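Visitor: quick one: experimental structure and sequence below.
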Amino acid sequence: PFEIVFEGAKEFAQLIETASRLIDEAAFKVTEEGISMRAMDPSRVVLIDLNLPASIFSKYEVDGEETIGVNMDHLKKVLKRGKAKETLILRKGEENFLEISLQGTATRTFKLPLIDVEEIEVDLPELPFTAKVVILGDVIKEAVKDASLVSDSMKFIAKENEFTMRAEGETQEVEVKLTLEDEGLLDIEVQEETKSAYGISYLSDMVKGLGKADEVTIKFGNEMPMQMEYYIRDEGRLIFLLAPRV
Amino acid sequence: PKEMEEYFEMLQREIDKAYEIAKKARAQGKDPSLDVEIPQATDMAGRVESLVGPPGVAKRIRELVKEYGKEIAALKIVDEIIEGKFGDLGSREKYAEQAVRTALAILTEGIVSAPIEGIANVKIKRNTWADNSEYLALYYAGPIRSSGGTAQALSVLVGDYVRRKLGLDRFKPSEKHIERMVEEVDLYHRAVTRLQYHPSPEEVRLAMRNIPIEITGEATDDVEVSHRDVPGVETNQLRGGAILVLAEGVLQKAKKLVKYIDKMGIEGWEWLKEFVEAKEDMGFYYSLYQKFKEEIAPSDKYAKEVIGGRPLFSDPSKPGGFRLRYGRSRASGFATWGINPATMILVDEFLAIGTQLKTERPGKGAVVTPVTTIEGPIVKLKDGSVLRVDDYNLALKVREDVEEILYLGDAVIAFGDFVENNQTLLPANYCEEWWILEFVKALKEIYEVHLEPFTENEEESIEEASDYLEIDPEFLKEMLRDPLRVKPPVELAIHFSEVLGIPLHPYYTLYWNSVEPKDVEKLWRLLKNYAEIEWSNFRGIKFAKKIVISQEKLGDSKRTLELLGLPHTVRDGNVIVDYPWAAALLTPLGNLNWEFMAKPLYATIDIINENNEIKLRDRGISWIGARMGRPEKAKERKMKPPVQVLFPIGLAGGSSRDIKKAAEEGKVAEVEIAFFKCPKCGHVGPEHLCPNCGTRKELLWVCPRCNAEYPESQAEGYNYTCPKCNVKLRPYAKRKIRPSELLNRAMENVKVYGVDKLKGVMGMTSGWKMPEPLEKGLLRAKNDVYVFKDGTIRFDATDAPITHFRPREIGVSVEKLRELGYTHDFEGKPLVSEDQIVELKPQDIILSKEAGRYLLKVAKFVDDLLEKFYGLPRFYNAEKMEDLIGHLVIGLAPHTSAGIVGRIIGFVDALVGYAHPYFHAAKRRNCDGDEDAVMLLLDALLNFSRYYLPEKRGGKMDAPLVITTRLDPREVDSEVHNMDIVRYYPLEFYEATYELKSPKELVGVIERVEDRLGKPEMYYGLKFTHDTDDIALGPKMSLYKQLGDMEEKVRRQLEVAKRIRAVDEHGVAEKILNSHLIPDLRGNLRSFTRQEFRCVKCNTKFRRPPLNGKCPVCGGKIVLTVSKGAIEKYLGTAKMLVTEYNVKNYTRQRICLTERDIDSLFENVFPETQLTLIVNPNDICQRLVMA
DNA sequence: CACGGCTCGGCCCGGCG
DNA sequence: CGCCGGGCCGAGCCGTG
Ligand SMILES: [Zn+2]
Ligand SMILES: [Zn+2]
Ligand SMILES: [Zn+2]
């Protein structure tokens, strides 16, 4: 029996879309600290970790702690119906429904039957990540879209003070180098030579929904999963975990 | 008498009305004909004269059948054929043709297309290998399979007779003939289609030596043979026509065949008779179950195949499946079942009103239809309470808490459905229809008062028996009228059994035999030592009224109570037996005064009958099985590419051949068509009337060599062969069509412009290739109604029978029914109220509201066609569906070519078009789930013409070549002739089942349809044992169609089987269904490595990849036929089943092994690239191998 | 006899503009 | 606000079972 009030519903709908393009259902671990999400793709190739501290909400009213079970598709269509500045509200009382209130010029109320979600909890804390880089959003977004031309597996190469991406197919070749000197490369933390490869499809699901004013974190080691991260209103950030190939 | 004849006179009047309209409209010369091209007939004589002639033959056939019958009059007509009484046919083979066709026509009663679609040709050949003598050669075709073995077999007989009448010689095959034929048997059975009866090779050579006429025809499949190029057999492929006529015909039905030989006394068939005959102490109920298990074998056909999504409802003859009750409700009886709608809901709505569940006992293929009076399931709620769920609405209320469905409950099998399939009668479950008979019989033998159930007795008897019983005379009236729907309370039941001495009422009889005596003994001790039993006394009879016992004491016996169907509830750890059944749990147990000791060789009821003043009879002894199948339909009939006008367009419309695109895109077409020429003006175009002057235009004929064009009369002189070319004059030619100006002329003519599209035909397949006028296409599109190959608009619907209807059900005013002729309900009383059961007259039909909602559109079509295009008054004026009431619809089968005129009298809500079983039979149906077409009358008149009929492939559907306007149940069918039309099955029967008498041992007792033929009272009065409340009440759309993914298709299909007692999934719903999954994947895997390739544009698929990857004509790429997405399509499910359900290790190792084969089949094209982070979520394959 | 996968146009966009 | 490149869906269209 809670209520929640979040402003800028279009943003929240965007991020919920982001989580949506990989999994179809998911549960929301609502605690008085904040709203939490954590789930994995069907393929067991990517891990979506959503963290929402209550501070971000214009109002945050939780009485206890409970897990919501919702159809990410239905919620995605619903939240997608919100716009730029209309206010989002999330209410839940006794009954087994979630009430979404979009109030901008007017109030609109939706109800979503909650669905049971068999939870498979796999918490994966910090791991041996050789290199760690921060980079503007549109840099990586452009890059992935480029590797979409020539292949389906994008290879990452992290060298001392230099970050380079690449991909090769039958004939064509794609390369994207950039270093700290370059503008888009905000930071590089080189411990040593790192190299990996990742499913360009999964990356495309990842980086869609990124403007130029989007900073992204990338930790990873030689032939091991990437962990990507980026903040949301500077408090609650999302983190993906992508297993490499080969 | 006179009402019925008034009926037929009525339909004859209105049909004459429709023909008046169609004759005026067709008279305008706008259509391919100047006459209506669907002649009406009245009998089989008319149907034969108009199907296959010769002229005038009907008049004779009616007389000869009047004297000799059907069979004899056939051969007499054969004689007058060859004797030339109907004129000269010409060559000997023409007399052979005529006599053979008319013969087989009269023999199958002209309701099938074997005399037309099947018998390809007839020839006279010579034994050039043996002695060069003449014989008769019959050329069949594949569609003969449609008309079944019998009509096939009779084709032999006529073929034998005609050649004898023509003085011809027997046939004398060589051993290459014979062995090639048997080869055709094995191959055709092996690969093409499984014969119904697969004969041995020796039997095949037997027939080959013993059929004096040749069973042959054109080869049907591209299957080469080994005995190639035999003398006279002009093909080395399999001849499925000759094969089927051979095996499924004379062989599969040799018994009936020599029956016709005997009825005709035709010599030369004794070998077939020889082939026919060559093919031909201890307690009471303990003994009964014993003999029952021996004489009646639990069949296992229906469970042979389990498609995914098709539930299995009960293992064969397993107690817990559909408890059986002989009877025949209003709806059921022809070949369907009845069923309590409660059991249609508690199975999660799979079953509907018409889903053909495959049976096992009475015969394969029972349709389902609601019958509310029989007793539906017994369920076990999640909280442990056991609930009897008899009615629909309670089922909706408690569908969600159903933790286990103990008993699927009743299933009303007709009796005649035993007679025809010749099943041995199973022992009848103890049903009130038999109780009440023992009631009235006891009152007669004791108190000499004569009552009679299911009717209304005399007041004197009612009151007297009221006195000897001390019961309300009103109440005794109600119980004697509708014993099913009125049950005396338990204390009256005890009292009746006490005084009269008849057994306990069935409704208060537990299912005492589903518990072995030890269990009930244990329960006896528990009750005696721990229960708390409040008592009661009715008329000196001491009976319990409530039981309560803690579950701790009870324990394992709780399962016993569950198996006894004992409704009880759980509260506070206490089992509670409420009133109406606590008496039933102890009265048979003698109120705990006489001890119950499990005695060997006795079934529990045997003990209870041995020690109780109150005697029982078993309630559950017969248990049918079933497996869902072929769910209901009421769709439209859309061609595979949807069509809306018969006008060839070629590629010029694109993929969907949308003519209007070709118009607005202004393209120009090259399509074979027929042109007519305005004689007045000299205009030329593919239409019928002139643009210049408006007179009828003469057909134009074409030489394919010299391209010469001749008007019709000229090519009539030339006999349609060129003067300077020795070739036949074609009617059509591959031509240049301007879709623009044509479609413009159409919109100009009919005044309609707002058509979204106008889907055409890629190419005329008719012989003439004469195209339909575009105007009709525009009107179809404007109303959105689709067309079928003849020009008529059809509407498939699963058909089910009825014979009596309550006007409440169908939504009709009693005054309206008074306008249709229905004077008095089935007991003769005057029709005054909307709840009296009227008797459906023969040719009325109650359409499903689907059919209303579509045939309405057909009505607006036919109006707009009368007015806008023919310029006539409107005819239907339909605005709601209830305007159609009274307008005739032609019911037509597939596979046949004679439709039956019917009248509409109402609507229901389900998806099944009801009709009197004489209708559904004369339309040739089996009503074992068959689907039928229903077009409107005036439509089929205005829009039909043989010229549109495709020329070669007479398929599974065909068109109303002739329409019957009067049922005669004589020449209808056979399967009707076995219906049970008794108001109540007589006592002698129910007692007559117990010793498992075959049905024909008592056919004389129970009335039927053969026992009323000839008399006028075939139509007058039938009856039915069981009332329903609604003909439509129950879930009106099967849950099968709202299930998308196979992954969870099987999760529903096998979700159920955990619920029921009967099915036992956990080991066999999987493994049967699991076996099916194994076969498809394995087959695909085997095939994949041997596939073929094909381009989207050069259909030509090279049996090998071209190294380039380009294509002919195309500069494109070749697609893969059987794609890798197909091989992997069922691994998710099939792996699921193995990880959940105890399945035999063989199939498990087969499946994990096939997983490994799918991977290692592609370890060099789709390499292992994407690692995964969470490994081994307990997959059965790997965790299996770790063993 | 009947199902799913695969590819194809036709609307329905979100982002660039 | 328009366009245009992608998205989502309804349509063949096949195949095989
Ligand atoms: Zn003219
Ligand atoms: Zn010529
Ligand atoms: Zn090609």
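Guide: Perfect, I can see it now. Residues are numbered from 1 along each chain as shown, chains lettered A, B, ... in the order given. Ligands and ions are numbered 1, 2, ... in the order given.
Visitor: hmm, the host helix or strand of residue A:157 touching chain B?
Guide: For residue A:157, the host element (DSSP states H and E) is strand A:153-159. Yes. For strand A:153-159, a contact with chain B is found by Cβ under 8 Å from any Cβ of the partner chain, at residue A:153. (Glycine included, C-beta is placed from N, CA and C.)
Visitor: partner strands of that strand and their direction?
Guide: Note on strand A:153-159: by DSSP bridges, its sheet partners are strand A:162-168 (antiparallel), strand A:194-199 (antiparallel).
Visitor: ranking these by burial, who's on top?
Guide: Ranked by mean neighbour count under mean count of other Cβ atoms under 10 Å in any protein chain shown, the strands paired with strand A:153-159 are led by strand A:194-199, which reaches a mean of 21.
Visitor: could I get whatever helix or strand comes next after that strand in CSV with only the CA atoms?
Guide: Per DSSP H and E, the first helix or strand lying C-terminal to strand A:194-199 is helix A:200-207. The C-alpha trace of helix A:200-207 is given here as CSV (Å, rounded to 0.1, in the frame of the first residue of the first chain):
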residue,chain,number,x,y,z
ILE,A,200,26.5,-6.2,-31.6
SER,A,201,22.8,-6.9,-31.3
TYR,A,202,22.9,-6.8,-27.5
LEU,A,203,25.0,-3.6,-27.6
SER,A,204,22.4,-2.1,-29.9
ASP,A,205,19.7,-3.0,-27.3
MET,A,206,21.9,-1.4,-24.7
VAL,A,207,22.9,2.0,-26.1
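Visitor: and helix A:200-207, which residues are buried?
Guide: Within helix A:200-207, the residues that qualify as buried are A:200, A:202, A:203, A:204, A:205, A:206, A:207, counting by 16 or more other Cβ atoms under 10 Å in any protein chain shown.
Visitor: please apply the same query to stretch A:233-246.
Guide: So, applying 16+ other Cβ under 10 Å, buried residues of stretch A:233-246: A:233, A:236, A:237, A:238, A:239, A:240, A:241, A:242, A:243, A:244, A:245.
Visitor: want to throw these into CSV with secondary structure and distance to chain B?
Guide: Shown next, in CSV, are these (DSSP: H, G, I helix; E, B strand; the rest coil; distance: Cβ to the nearest Cβ, whole Å):
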residue, secondary structure, distance to chain B
A:233, coil, 29
A:236, strand, 23
A:237, strand, 20
A:238, strand, 18
A:239, strand, 14
A:240, strand, 12
A:241, strand, 7
A:242, strand, 9
A:243, coil, 4
A:244, coil, 6
A:245, strand, 4
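Visitor: circling back to that earlier point, can you put the strands paired with strand A:153-159 in a markdown table and add distance to residue B:435?
Guide: Output for the strands paired with strand A:153-159, formatted as a markdown table (distance: least, Cβ to Cβ, whole Å):
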| stretch | distance to residue B:435 |
| --- | --- |
| strand A:162-168 | 83 |
| strand A:194-199 | 72 |
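Visitor: these: which one's closest to residue B:1157?
Guide: Residue B:1157 lies closest to strand A:194-199 among those, at 25.4 Å (Cβ to Cβ).
Visitor: which residues touch that closest one?
Guide: Under the contact criterion Cβ atoms under 8 Å, 6 or more residues apart in numbering or on different chains, strand A:194-199 has outside partners A:45, A:130-131, A:152-158, A:220-224, A:226, A:242, A:244-246, B:1170.
Visitor: surely residue B:213 and residue B:173 touch.
Guide: No. Using Cβ atoms under 8 Å, residue B:213 is not in contact with residue B:173; the gap is 11.0 Å.
Visitor: for stretch A:147-167, which residues meet the burial criterion?
Guide: Buried residues in stretch A:147-167, counted by 16+ other Cβ under 10 Å: A:147-148, A:150-151, A:153-159, A:162-163, A:165-167.
Visitor: now do the contacts for whichever residue of chain A sits closest to ligand 2.
Guide: Nearest to ligand 2, among the residues of chain A, is residue A:170, at 59.0 Å (Cβ to the ion). Residues near residue A:170 by Cβ under 8 Å, 6+ apart: none.
Visitor: please list all residues in contact with residue 117.
Guide: No chain specified, so I'll use chain A. Here residue A:117 is in contact with A:25, A:26, A:27, A:67, A:69 (Cβ under 8 Å, 6+ apart).
Visitor: you answered for a different chain; I wanted chain B.
Guide: Counting by Cβ under 8 Å, 6+ apart, residue B:117 touches B:141, B:143, B:144, B:146, B:147, B:897, B:954, B:958.
Visitor: what do you get for residue B:945?
Guide: Taking Cβ under 8 Å, 6+ apart, we find residue B:945 in contact with B:31, B:32, B:33, B:37, B:790, B:791.
Visitor: check which helix or strand the second one maps to.
Guide: What that stands for is residue B:32. Assessed by DSSP H and E, residue B:32 sits outside every helix and strand.
Visitor: what's the burial count for it?
Guide: Each residue near residue B:32 was counted by other Cβ atoms under 10 Å in any protein chain shown, and the total is 22.
Visitor: repeat for the third one
Guide: The burial metric for residue B:33, expressed as a neighbour count using other Cβ under 10 Å, is 12.
Visitor: residue A:212 versus the closest residue to it other than its chain neighbours, what's the distance?
Guide: Residue nearest to residue B:33 in three dimensions, not counting chain neighbours: residue B:945, with 5.7 Å by Cβ to Cβ, 6 or more residues apart in numbering or on different chains. As judged by Cβ to Cβ, to the nearest Å, residue B:945 and residue A:212 stand 70 Å apart.
Visitor: let me see the contact set for residue B:1084.
Guide: Residues in contact with residue B:1084, defined by Cβ under 8 Å, 6+ apart, are B:1122, B:1126, B:1127.
Visitor: could you dump those residues into CSV with secondary structure and neighbour count added?
Guide: Putting the contacts of residue B:1084 into CSV (DSSP: H, G, I helix; E, B strand; the rest coil; neighbours: other Cβ atoms under 10 Å in any protein chain shown) gives the following:
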residue, secondary structure, neighbour count
B:1122, coil, 14
B:1126, helix, 16
B:1127, helix, 22
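Visitor: from those, which is closest to DNA strand D?
Guide: residue B:1122 (5.1 Å; Cβ to the nearest atom of the strand).
Visitor: for the closest residue to that closest one other than its chain neighbours, list the residues it contacts.
Guide: Distance criterion Cβ to Cβ, 6+ apart; nearest residue to residue B:1122, sequence neighbours excluded, is residue B:1091 at 5.1 Å. Contact analysis of residue B:1091 by Cβ under 8 Å, 6+ apart lists B:1120, B:1121, B:1122.
Visitor: from the residues you listed, which are also near DNA strand D?
Guide: B:1121, B:1122 (Cβ under 7 Å from any atom of the strand).
Visitor: closest to residue B:530 out of the contacts of residue B:1091?
Guide: residue B:1122 (67.2 Å).
Visitor: doesn't residue B:1087 make contact with that closest one?
Guide: Yes. Applying Cβ under 8 Å, one finds residue B:1122 in contact with residue B:1087, separated by 6.1 Å.
Visitor: and the two most separated of the contacts of residue A:117?
Guide: Across those (Cβ to Cβ), the longest gap, 12.4 Å, separates A:25 and A:67.
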